[PDB]
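Text of the file my_file07.txt, holding compact mmCIF, C-alpha atoms and all ligand atoms:
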# COMPACT_ATOMS: atom_id res chain seq x y z
CA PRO N 274 -1.87 -94.38 170.24
CA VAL N 275 -3.93 -94.92 173.38
CA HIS N 276 -2.44 -96.22 176.62
CA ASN N 277 -3.51 -96.24 180.26
CA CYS N 278 -1.37 -94.04 182.46
CA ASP N 279 -2.94 -91.11 184.32
CA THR N 280 -1.89 -87.49 183.80
CA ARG N 281 -3.25 -84.02 184.48
CA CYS N 282 -2.48 -82.45 181.09
CA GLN N 283 -3.18 -83.66 177.57
CA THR N 284 -2.06 -82.42 174.15
CA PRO N 285 -2.48 -83.89 170.65
CA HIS N 286 1.26 -84.69 170.60
CA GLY N 287 1.18 -86.57 173.90
CA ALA N 288 0.84 -85.93 177.61
CA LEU N 289 2.67 -83.46 179.84
CA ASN N 290 3.99 -83.93 183.37
CA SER N 291 5.70 -80.82 184.75
CA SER N 292 5.34 -77.90 187.14
CA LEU N 293 7.08 -75.22 185.08
CA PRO N 294 4.93 -72.17 184.28
CA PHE N 295 5.57 -72.20 180.52
CA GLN N 296 5.02 -74.65 177.71
CA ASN N 297 6.18 -75.26 174.15
CA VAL N 298 4.57 -78.37 172.64
CA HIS N 299 1.13 -77.45 171.34
CA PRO N 300 -1.44 -74.67 171.93
CA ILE N 301 -4.47 -76.97 172.39
CA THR N 302 -4.55 -78.32 175.93
CA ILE N 303 -7.03 -80.30 178.02
CA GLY N 304 -6.73 -80.44 181.80
CA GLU N 305 -4.53 -78.07 183.80
CA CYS N 306 -1.51 -77.16 181.71
CA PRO N 307 1.22 -74.50 181.63
CA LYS N 308 0.87 -71.59 179.26
CA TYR N 309 1.81 -71.98 175.60
CA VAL N 310 4.43 -69.60 174.20
CA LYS N 311 6.44 -69.19 171.01
CA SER N 312 10.04 -69.19 172.24
CA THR N 313 12.94 -71.62 172.52
CA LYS N 314 15.04 -70.73 175.58
CA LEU N 315 13.91 -69.36 178.94
CA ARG N 316 16.89 -70.09 181.15
CA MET N 317 16.89 -67.91 184.26
CA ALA N 318 20.05 -67.19 186.23
CA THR N 319 20.26 -67.88 189.97
CA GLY N 320 23.95 -67.35 190.60
CA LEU N 321 27.14 -65.61 189.58
CA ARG N 322 29.25 -64.95 186.51
CA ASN N 323 31.40 -68.07 186.17
CA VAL N 324 34.75 -66.33 185.76
CA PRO N 325 37.62 -68.83 186.18
CA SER N 326 41.01 -67.75 187.46
CA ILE N 327 44.20 -67.84 185.40
CA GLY D 1 24.62 -51.11 187.01
CA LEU D 2 27.96 -52.86 187.35
CA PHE D 3 29.03 -52.02 190.90
CA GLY D 4 32.68 -52.74 190.12
CA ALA D 5 33.54 -55.82 192.18
CA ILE D 6 32.92 -58.99 190.14
CA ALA D 7 35.52 -59.06 187.33
CA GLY D 8 36.47 -55.53 188.38
CA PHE D 9 38.98 -54.66 191.06
CA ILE D 10 38.56 -58.25 192.28
CA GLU D 11 39.81 -60.96 189.91
CA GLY D 12 37.81 -64.11 189.05
CA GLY D 13 36.33 -66.62 191.43
CA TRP D 14 37.80 -69.45 193.46
CA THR D 15 37.53 -73.10 192.49
CA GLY D 16 38.47 -74.53 195.89
CA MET D 17 35.73 -72.80 197.87
CA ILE D 18 32.76 -75.16 198.06
CA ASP D 19 29.96 -74.48 200.52
CA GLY D 20 28.90 -70.95 199.65
CA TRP D 21 29.08 -67.93 197.40
CA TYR D 22 30.97 -65.51 199.68
CA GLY D 23 34.02 -66.48 201.67
CA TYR D 24 37.39 -65.52 203.09
CA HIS D 25 40.96 -66.75 202.67
CA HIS D 26 43.24 -66.48 205.71
CA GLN D 27 46.94 -67.31 206.11
CA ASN D 28 47.62 -67.31 209.87
CA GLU D 29 50.49 -68.94 211.76
CA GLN D 30 49.15 -72.48 211.28
CA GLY D 31 47.01 -72.75 208.15
CA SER D 32 45.52 -71.52 204.90
CA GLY D 33 41.95 -70.39 204.37
CA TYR D 34 38.94 -70.98 202.09
CA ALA D 35 36.14 -70.68 204.65
CA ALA D 36 32.66 -69.44 203.77
CA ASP D 37 30.57 -66.62 205.25
CA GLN D 38 27.22 -68.19 206.15
CA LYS D 39 25.51 -64.91 207.08
CA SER D 40 25.36 -63.02 203.79
CA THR D 41 24.93 -66.02 201.50
CA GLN D 42 21.90 -67.07 203.56
CA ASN D 43 20.16 -63.77 202.82
CA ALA D 44 21.19 -64.16 199.18
CA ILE D 45 19.67 -67.67 198.99
CA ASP D 46 16.45 -66.52 200.68
CA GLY D 47 16.09 -63.50 198.40
CA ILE D 48 16.62 -65.48 195.20
CA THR D 49 14.27 -68.24 196.39
CA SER D 50 11.50 -65.72 197.13
CA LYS D 51 12.21 -64.17 193.72
CA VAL D 52 11.81 -67.41 191.77
CA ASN D 53 8.73 -68.47 193.74
CA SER D 54 7.08 -65.10 193.08
CA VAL D 55 7.83 -65.36 189.34
CA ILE D 56 6.30 -68.85 189.34
CA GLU D 57 3.16 -67.92 191.25
CA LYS D 58 2.29 -64.82 189.21
CA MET D 59 1.77 -66.79 185.99
CA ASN D 60 -1.62 -68.50 186.04
CA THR D 61 -2.24 -71.96 184.67
CA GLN D 62 -4.58 -72.27 181.71
CA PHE D 63 -7.61 -74.55 181.56
CA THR D 64 -9.13 -76.45 178.62
CA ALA D 65 -9.10 -74.73 175.23
CA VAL D 66 -10.23 -76.55 172.08
CA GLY D 67 -10.28 -75.26 168.52
CA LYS D 68 -13.73 -74.69 167.08
CA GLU D 69 -15.52 -75.36 163.81
CA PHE D 70 -17.11 -73.24 161.09
CA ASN D 71 -18.83 -73.83 157.76
CA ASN D 72 -18.06 -72.02 154.51
CA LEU D 73 -20.42 -69.11 155.22
CA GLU D 74 -18.89 -68.05 158.56
CA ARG D 75 -15.39 -67.13 157.39
CA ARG D 76 -15.63 -63.72 159.06
CA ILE D 77 -16.03 -65.11 162.58
CA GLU D 78 -13.24 -67.63 161.93
CA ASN D 79 -10.81 -64.90 160.89
CA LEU D 80 -11.80 -63.00 164.03
CA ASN D 81 -11.08 -66.13 166.09
CA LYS D 82 -7.63 -66.54 164.54
CA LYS D 83 -6.81 -62.87 165.14
CA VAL D 84 -7.82 -63.21 168.80
CA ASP D 85 -5.69 -66.31 169.43
CA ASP D 86 -2.59 -64.97 167.69
CA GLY D 87 -2.85 -61.62 169.46
CA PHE D 88 -3.01 -63.18 172.92
CA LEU D 89 -0.18 -65.57 172.02
CA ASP D 90 2.09 -62.70 170.95
CA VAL D 91 1.33 -60.70 174.10
CA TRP D 92 2.12 -63.62 176.42
CA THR D 93 5.40 -64.54 174.72
CA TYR D 94 6.49 -60.89 174.74
CA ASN D 95 5.80 -60.57 178.46
CA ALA D 96 7.70 -63.78 179.24
CA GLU D 97 10.84 -62.89 177.30
CA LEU D 98 10.92 -59.33 178.63
CA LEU D 99 10.46 -60.54 182.22
CA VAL D 100 13.43 -62.92 181.98
CA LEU D 101 15.62 -60.35 180.24
CA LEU D 102 15.12 -57.82 183.01
CA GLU D 103 15.38 -60.32 185.86
CA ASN D 104 18.85 -61.45 184.76
CA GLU D 105 20.57 -58.08 185.21
CA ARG D 106 18.62 -57.65 188.43
CA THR D 107 20.14 -60.76 189.97
CA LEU D 108 23.64 -60.15 188.59
CA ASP D 109 23.77 -56.64 190.04
CA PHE D 110 22.39 -58.12 193.27
CA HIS D 111 25.41 -60.43 193.51
CA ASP D 112 27.75 -57.55 192.65
CA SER D 113 26.26 -55.44 195.45
CA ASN D 114 26.72 -58.34 197.86
CA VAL D 115 30.43 -58.61 197.01
CA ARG D 116 31.02 -54.88 197.41
CA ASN D 117 29.16 -54.62 200.72
CA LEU D 118 30.98 -57.62 202.19
CA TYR D 119 34.26 -55.97 201.19
CA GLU D 120 33.35 -52.58 202.69
CA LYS D 121 32.46 -54.21 206.02
CA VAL D 122 35.85 -55.92 206.35
CA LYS D 123 37.63 -52.69 205.44
CA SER D 124 35.55 -50.54 207.78
CA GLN D 125 36.22 -52.61 210.91
CA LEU D 126 39.98 -52.71 210.18
CA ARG D 127 40.33 -48.99 209.83
CA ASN D 128 44.08 -48.65 210.43
CA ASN D 129 45.89 -51.91 211.16
CA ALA D 130 45.31 -53.57 207.81
CA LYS D 131 47.52 -52.29 204.93
CA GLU D 132 45.40 -53.15 201.92
CA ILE D 133 47.48 -54.25 198.93
CA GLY D 134 45.17 -54.76 195.94
CA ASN D 135 42.36 -57.06 194.68
CA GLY D 136 40.70 -57.38 198.08
CA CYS D 137 43.40 -58.39 200.56
CA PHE D 138 44.83 -57.05 203.83
CA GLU D 139 48.18 -57.56 205.53
CA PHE D 140 47.80 -57.00 209.30
CA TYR D 141 50.39 -54.75 211.04
CA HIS D 142 49.91 -56.77 214.24
CA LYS D 143 49.86 -60.55 214.74
CA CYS D 144 46.65 -62.54 214.32
CA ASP D 145 45.65 -66.16 215.00
CA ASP D 146 42.50 -68.17 214.23
CA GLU D 147 40.65 -66.49 217.12
CA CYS D 148 40.98 -63.04 215.61
CA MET D 149 40.19 -64.55 212.19
CA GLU D 150 36.78 -65.62 213.49
CA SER D 151 36.62 -62.29 215.33
CA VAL D 152 36.84 -60.62 211.92
CA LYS D 153 34.34 -63.04 210.42
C1 LIG N 401 32.30 -64.96 216.72
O1 LIG N 401 33.72 -65.12 216.91
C2 LIG N 401 34.19 -64.81 218.23
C3 LIG N 401 35.70 -64.84 218.17
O2 LIG N 401 36.26 -64.11 219.25
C4 LIG N 401 33.58 -65.80 219.21
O3 LIG N 401 34.05 -65.60 220.55
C5 LIG N 401 34.73 -66.80 221.04
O4 LIG N 401 33.90 -67.96 220.96
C6 LIG N 401 34.61 -69.17 221.30
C7 LIG N 401 33.65 -70.31 221.10
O5 LIG N 401 34.28 -71.57 221.26
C8 LIG N 401 35.18 -69.11 222.73
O6 LIG N 401 36.13 -70.17 222.81
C9 LIG N 401 36.11 -70.97 224.01
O7 LIG N 401 35.27 -70.47 225.06
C10 LIG N 401 35.16 -71.39 226.18
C11 LIG N 401 34.18 -70.81 227.18
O8 LIG N 401 34.79 -69.67 227.77
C12 LIG N 401 36.56 -71.66 226.81
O9 LIG N 401 36.46 -72.76 227.71
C13 LIG N 401 37.63 -71.97 225.74
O10 LIG N 401 38.93 -71.94 226.34
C14 LIG N 401 37.57 -71.03 224.53
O11 LIG N 401 38.00 -69.76 224.98
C15 LIG N 401 35.92 -67.81 223.01
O12 LIG N 401 36.14 -67.66 224.41
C16 LIG N 401 35.16 -66.59 222.50
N1 LIG N 401 35.91 -65.35 222.70
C17 LIG N 401 37.09 -65.02 222.16
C18 LIG N 401 37.63 -63.68 222.57
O13 LIG N 401 37.71 -65.75 221.39
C19 LIG N 401 32.07 -65.65 219.17
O14 LIG N 401 31.46 -66.59 220.04
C20 LIG N 401 31.54 -65.85 217.74
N2 LIG N 401 30.09 -65.67 217.67
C21 LIG N 401 29.40 -64.53 217.91
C22 LIG N 401 27.92 -64.64 217.76
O15 LIG N 401 29.94 -63.47 218.23
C1 LIG N 402 5.19 -86.85 187.09
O1 LIG N 402 6.48 -86.32 187.41
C2 LIG N 402 6.76 -86.26 188.82
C3 LIG N 402 8.11 -85.62 188.96
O2 LIG N 402 9.15 -86.49 188.52
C4 LIG N 402 6.70 -87.66 189.42
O3 LIG N 402 6.84 -87.54 190.83
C5 LIG N 402 7.79 -88.47 191.39
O4 LIG N 402 8.26 -89.47 190.44
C6 LIG N 402 9.19 -90.42 190.98
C7 LIG N 402 9.60 -91.32 189.84
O5 LIG N 402 8.50 -91.62 189.00
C8 LIG N 402 8.53 -91.18 192.14
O6 LIG N 402 9.49 -92.06 192.72
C9 LIG N 402 8.02 -90.20 193.19
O7 LIG N 402 7.32 -90.90 194.20
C10 LIG N 402 7.10 -89.17 192.56
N1 LIG N 402 6.65 -88.20 193.55
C11 LIG N 402 5.37 -88.02 193.87
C12 LIG N 402 5.09 -86.98 194.91
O8 LIG N 402 4.47 -88.67 193.35
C13 LIG N 402 5.37 -88.33 189.09
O9 LIG N 402 5.37 -89.69 189.52
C14 LIG N 402 5.08 -88.28 187.59
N2 LIG N 402 3.77 -88.83 187.31
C15 LIG N 402 3.47 -89.45 186.16
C16 LIG N 402 2.07 -89.97 186.04
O10 LIG N 402 4.29 -89.58 185.26

Just dump the structure as structure tokens.
Ligand SMILES: *[C@@H]1O[C@H](CO)[C@@H](O[C@@H]2O[C@H](CO)[C@@H](O[C@@H]3O[C@H](CO)[C@@H](O)[C@H](O)[C@@H]3O)[C@H](O)[C@H]2NC(C)=O)[C@H](O)[C@H]1NC(C)=O
Ligand SMILES: *[C@@H]1O[C@H](CO)[C@@H](O[C@@H]2O[C@H](CO)[C@@H](O)[C@H](O)[C@H]2NC(C)=O)[C@H](O)[C@H]1NC(C)=O
Amino acid sequence: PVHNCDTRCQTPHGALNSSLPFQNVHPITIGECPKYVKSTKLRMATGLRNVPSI
Amino acid sequence: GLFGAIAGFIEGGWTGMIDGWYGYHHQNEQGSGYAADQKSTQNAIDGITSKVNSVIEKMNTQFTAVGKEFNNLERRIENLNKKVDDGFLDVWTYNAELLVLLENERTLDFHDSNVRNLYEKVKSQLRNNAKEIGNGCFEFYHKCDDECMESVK
């Protein structure tokens, strides 16, 4: 359906609002959108091995 | 390369330490420890922040791209179009997954090097009067108070 918010990215499955560099929803974009890929999990570690003490 | 400190000769981490990633644990005449080391963790935070911001800013944003149309007599160009789009899609997803899978061991070995260097510093400026015992501790042949604790730190 059609509604009246205002975004900067548009896909056939809805609109996107993010600043991440990658994207998963649909490979046809209008506006300024992050890059479409074909993966599921791109978690990136900033920290240590969580090793608890016994 | 695993430098040997995290889950190595040092046992697992500390729950009670809060405000950092690298700290000390003193047991002087009047208290217990769990105080951070704000020098080395600051360089760690700045390095990882520059790392993540660089990885963000290298990937360019894509502009408008709309699928096209063809009649029944231009199947050749349409197959060429589909080959182009799938080839670029495979190259980009390969580069993304490979970049993350190298960056993870890079940052874990970075933390391991930070632990080992912070241990070598404390050992090197306590060259005799320390009596190391195991898993990163020292036992102080002389007497020490909070002043010489911060003098170590
Ligand atoms: C790193 O740690 C050393 C530990 O020796 C620091 O030196 C000590 O700094 C404290 C800061 O409060 C000084 O304590 C007070 O100084 C005033 C002014 O003389 C005095 O009125 C108090 O009675 C008390 O002594 C202390 O004098 C000073 N020195 C020693 C031998 O403890 C040092 O400042 C820290 N920072 C750096 C960048 O080195
Ligand atoms: C898109 O998402 C961003 C990030 O959440 C939104 O930015 C903030 O959103 C909160 C809650 O809506 C607001 O209180 C802040 O004022 C927003 N910050 C700024 C700088 O605007 C943003 O509002 C979202 N936009 C849309 C159209 O959904």

Taking only residues of chain N that have an atom at most 8 Å from an atom of ligand LIG 402 (chain N), what is each one's shortest atom pair and its distance in Å to one decimal, using only C-alpha atoms and all ligand atoms, in chain and number order, as JSON lines?
{"residue": "N:278", "atom": "CA", "partner": "N:LIG402", "partner_atom": "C16", "distance": 6.4}
{"residue": "N:279", "atom": "CA", "partner": "N:LIG402", "partner_atom": "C16", "distance": 5.4}
{"residue": "N:280", "atom": "CA", "partner": "N:LIG402", "partner_atom": "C16", "distance": 5.2}
{"residue": "N:290", "atom": "CA", "partner": "N:LIG402", "partner_atom": "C1", "distance": 4.9}
{"residue": "N:291", "atom": "CA", "partner": "N:LIG402", "partner_atom": "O1", "distance": 6.2}

List all protein, DNA and RNA residues that have an atom no more than 7 Å from any atom of ligand LIG 401 (chain N), counting all atoms listed in the file, and report them as a PyMOL selection string. chain D and resi 147-148+150-151+153

How would the residues just chosen look if you wrote them out with C-alpha atoms as an mmCIF file, in the coordinates of the input?
data_model
loop_
_atom_site.group_PDB
_atom_site.id
_atom_site.type_symbol
_atom_site.label_atom_id
_atom_site.label_comp_id
_atom_site.auth_asym_id
_atom_site.auth_seq_id
_atom_site.Cartn_x
_atom_site.Cartn_y
_atom_site.Cartn_z
ATOM 1 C CA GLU D 147 40.650 -66.490 217.120
ATOM 2 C CA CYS D 148 40.980 -63.040 215.610
ATOM 3 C CA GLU D 150 36.780 -65.620 213.490
ATOM 4 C CA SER D 151 36.620 -62.290 215.330
ATOM 5 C CA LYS D 153 34.340 -63.040 210.420
#

Could you please determine the separation between atom CA of residue 11 of chain D and atom CA of residue 135 of chain D in Å, to one decimal place?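 Those two atoms sit 6.7 Å apart.
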
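Distances from D:118, D:99, D:65, D:144 to residue 21 of chain D were compared using all atoms listed in the file, and the smallest one belongs to D:118.
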
Would you pick out the contacts of segment 103-107 of chain D at 8 Å or less, using all atoms listed in the file, so that residues sharing its chain but fewer than 2 positions from it are not included, and give the list as JSON, numbers by chain? {"N": [317, 318, 319, 320], "D": [48, 99, 100, 101, 109, 110, 111]}

Could you please select, counting only C-alpha atoms, the residues of chain D within 9 Å of chain N and state them as a tab-separated table (two decimals) with C-alpha atoms, in the coordinates of the input?
chain	number	residue	atom	x	y	z
D	6	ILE	CA	32.92	-58.99	190.14
D	7	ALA	CA	35.52	-59.06	187.33
D	11	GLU	CA	39.81	-60.96	189.91
D	12	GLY	CA	37.81	-64.11	189.05
D	13	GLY	CA	36.33	-66.62	191.43
D	14	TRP	CA	37.80	-69.45	193.46
D	15	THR	CA	37.53	-73.10	192.49
D	21	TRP	CA	29.08	-67.93	197.40
D	48	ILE	CA	16.62	-65.48	195.20
D	49	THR	CA	14.27	-68.24	196.39
D	52	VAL	CA	11.81	-67.41	191.77
D	55	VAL	CA	7.83	-65.36	189.34
D	56	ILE	CA	6.30	-68.85	189.34
D	57	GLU	CA	3.16	-67.92	191.25
D	59	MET	CA	1.77	-66.79	185.99
D	60	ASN	CA	-1.62	-68.50	186.04
D	61	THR	CA	-2.24	-71.96	184.67
D	62	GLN	CA	-4.58	-72.27	181.71
D	63	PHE	CA	-7.61	-74.55	181.56
D	64	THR	CA	-9.13	-76.45	178.62
D	65	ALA	CA	-9.10	-74.73	175.23
D	66	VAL	CA	-10.23	-76.55	172.08
D	67	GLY	CA	-10.28	-75.26	168.52
D	89	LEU	CA	-0.18	-65.57	172.02
D	90	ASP	CA	2.09	-62.70	170.95
D	92	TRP	CA	2.12	-63.62	176.42
D	93	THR	CA	5.40	-64.54	174.72
D	94	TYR	CA	6.49	-60.89	174.74
D	96	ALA	CA	7.70	-63.78	179.24
D	97	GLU	CA	10.84	-62.89	177.30
D	100	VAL	CA	13.43	-62.92	181.98
D	101	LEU	CA	15.62	-60.35	180.24
D	103	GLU	CA	15.38	-60.32	185.86
D	104	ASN	CA	18.85	-61.45	184.76
D	107	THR	CA	20.14	-60.76	189.97
D	108	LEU	CA	23.64	-60.15	188.59
D	111	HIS	CA	25.41	-60.43	193.51
D	112	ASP	CA	27.75	-57.55	192.65

Neighbour list for residue 139 of chain D as JSON, numbers by chain, cut-off 9 Å, all atoms listed in the file, skip fewer than 5 positions in-chain: {"D": [129, 130, 131, 132, 133]}

So how far away is atom CA of residue 113 of chain D from atom CA of residue 126 of chain D, in Å? 20.3 Å

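Atom CA of residue 313 of chain N lies 17.6 Å from atom CA of residue 286 of chain N.
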
Kindly output segment 124-148 of chain D as a PDB file, in the frame of the given file, after building N, CA and C atoms.
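In the end it all went to result_15.pdb:
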ATOM      1  N   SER D 124      35.967 -51.572 206.835  1.00  0.00           N
ATOM      2  CA  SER D 124      35.550 -50.540 207.780  1.00  0.00           C
ATOM      3  C   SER D 124      35.820 -50.930 209.225  1.00  0.00           C
ATOM      4  N   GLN D 125      35.889 -52.221 209.542  1.00  0.00           N
ATOM      5  CA  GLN D 125      36.220 -52.610 210.910  1.00  0.00           C
ATOM      6  C   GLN D 125      37.699 -52.967 211.062  1.00  0.00           C
ATOM      7  N   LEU D 126      38.533 -52.563 210.113  1.00  0.00           N
ATOM      8  CA  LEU D 126      39.980 -52.710 210.180  1.00  0.00           C
ATOM      9  C   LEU D 126      40.639 -51.408 209.772  1.00  0.00           C
ATOM     10  N   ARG D 127      40.198 -50.318 210.403  1.00  0.00           N
ATOM     11  CA  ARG D 127      40.330 -48.990 209.830  1.00  0.00           C
ATOM     12  C   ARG D 127      41.773 -48.495 209.749  1.00  0.00           C
ATOM     13  N   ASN D 128      42.674 -49.008 210.580  1.00  0.00           N
ATOM     14  CA  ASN D 128      44.080 -48.650 210.430  1.00  0.00           C
ATOM     15  C   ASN D 128      44.990 -49.846 210.247  1.00  0.00           C
ATOM     16  N   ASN D 129      44.857 -50.878 211.073  1.00  0.00           N
ATOM     17  CA  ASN D 129      45.890 -51.910 211.160  1.00  0.00           C
ATOM     18  C   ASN D 129      45.733 -52.997 210.097  1.00  0.00           C
ATOM     19  N   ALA D 130      45.618 -52.590 208.838  1.00  0.00           N
ATOM     20  CA  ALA D 130      45.310 -53.570 207.810  1.00  0.00           C
ATOM     21  C   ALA D 130      46.315 -53.611 206.666  1.00  0.00           C
ATOM     22  N   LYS D 131      46.651 -52.443 206.108  1.00  0.00           N
ATOM     23  CA  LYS D 131      47.520 -52.290 204.930  1.00  0.00           C
ATOM     24  C   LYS D 131      46.985 -53.109 203.752  1.00  0.00           C
ATOM     25  N   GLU D 132      45.907 -52.593 203.164  1.00  0.00           N
ATOM     26  CA  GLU D 132      45.400 -53.150 201.920  1.00  0.00           C
ATOM     27  C   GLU D 132      46.472 -53.106 200.827  1.00  0.00           C
ATOM     28  N   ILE D 133      46.433 -54.093 199.935  1.00  0.00           N
ATOM     29  CA  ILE D 133      47.480 -54.250 198.930  1.00  0.00           C
ATOM     30  C   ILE D 133      46.961 -54.273 197.508  1.00  0.00           C
ATOM     31  N   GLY D 134      45.693 -54.544 197.278  1.00  0.00           N
ATOM     32  CA  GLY D 134      45.170 -54.760 195.940  1.00  0.00           C
ATOM     33  C   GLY D 134      44.285 -55.988 195.973  1.00  0.00           C
ATOM     34  N   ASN D 135      43.385 -56.060 194.979  1.00  0.00           N
ATOM     35  CA  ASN D 135      42.360 -57.060 194.680  1.00  0.00           C
ATOM     36  C   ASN D 135      41.729 -57.724 195.910  1.00  0.00           C
ATOM     37  N   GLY D 136      41.386 -56.908 196.900  1.00  0.00           N
ATOM     38  CA  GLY D 136      40.700 -57.380 198.080  1.00  0.00           C
ATOM     39  C   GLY D 136      41.515 -58.236 199.018  1.00  0.00           C
ATOM     40  N   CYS D 137      42.613 -57.704 199.549  1.00  0.00           N
ATOM     41  CA  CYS D 137      43.400 -58.390 200.560  1.00  0.00           C
ATOM     42  C   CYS D 137      43.872 -57.380 201.596  1.00  0.00           C
ATOM     43  N   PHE D 138      44.329 -57.884 202.743  1.00  0.00           N
ATOM     44  CA  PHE D 138      44.830 -57.050 203.830  1.00  0.00           C
ATOM     45  C   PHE D 138      46.039 -57.738 204.452  1.00  0.00           C
ATOM     46  N   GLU D 139      46.891 -56.976 205.160  1.00  0.00           N
ATOM     47  CA  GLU D 139      48.180 -57.560 205.530  1.00  0.00           C
ATOM     48  C   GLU D 139      48.590 -57.313 206.992  1.00  0.00           C
ATOM     49  N   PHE D 140      47.713 -56.772 207.853  1.00  0.00           N
ATOM     50  CA  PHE D 140      47.800 -57.000 209.300  1.00  0.00           C
ATOM     51  C   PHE D 140      49.076 -56.558 210.025  1.00  0.00           C
ATOM     52  N   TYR D 141      49.214 -55.258 210.320  1.00  0.00           N
ATOM     53  CA  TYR D 141      50.390 -54.750 211.040  1.00  0.00           C
ATOM     54  C   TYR D 141      50.679 -55.476 212.352  1.00  0.00           C
ATOM     55  N   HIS D 142      49.663 -55.985 213.043  1.00  0.00           N
ATOM     56  CA  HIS D 142      49.910 -56.770 214.240  1.00  0.00           C
ATOM     57  C   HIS D 142      49.906 -58.260 213.899  1.00  0.00           C
ATOM     58  N   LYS D 143      49.924 -59.105 214.919  1.00  0.00           N
ATOM     59  CA  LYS D 143      49.860 -60.550 214.740  1.00  0.00           C
ATOM     60  C   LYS D 143      48.438 -61.028 214.993  1.00  0.00           C
ATOM     61  N   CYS D 144      47.991 -62.001 214.199  1.00  0.00           N
ATOM     62  CA  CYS D 144      46.650 -62.540 214.320  1.00  0.00           C
ATOM     63  C   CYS D 144      46.698 -64.065 214.242  1.00  0.00           C
ATOM     64  N   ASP D 145      45.835 -64.714 215.015  1.00  0.00           N
ATOM     65  CA  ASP D 145      45.650 -66.160 215.000  1.00  0.00           C
ATOM     66  C   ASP D 145      44.220 -66.465 214.540  1.00  0.00           C
ATOM     67  N   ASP D 146      43.828 -67.739 214.652  1.00  0.00           N
ATOM     68  CA  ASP D 146      42.500 -68.170 214.230  1.00  0.00           C
ATOM     69  C   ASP D 146      41.382 -67.498 215.024  1.00  0.00           C
ATOM     70  N   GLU D 147      41.656 -67.140 216.282  1.00  0.00           N
ATOM     71  CA  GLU D 147      40.650 -66.490 217.120  1.00  0.00           C
ATOM     72  C   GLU D 147      40.293 -65.115 216.575  1.00  0.00           C
ATOM     73  N   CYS D 148      41.295 -64.315 216.220  1.00  0.00           N
ATOM     74  CA  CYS D 148      40.980 -63.040 215.610  1.00  0.00           C
ATOM     75  C   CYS D 148      40.541 -63.165 214.152  1.00  0.00           C
TER      76      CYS D 148
END
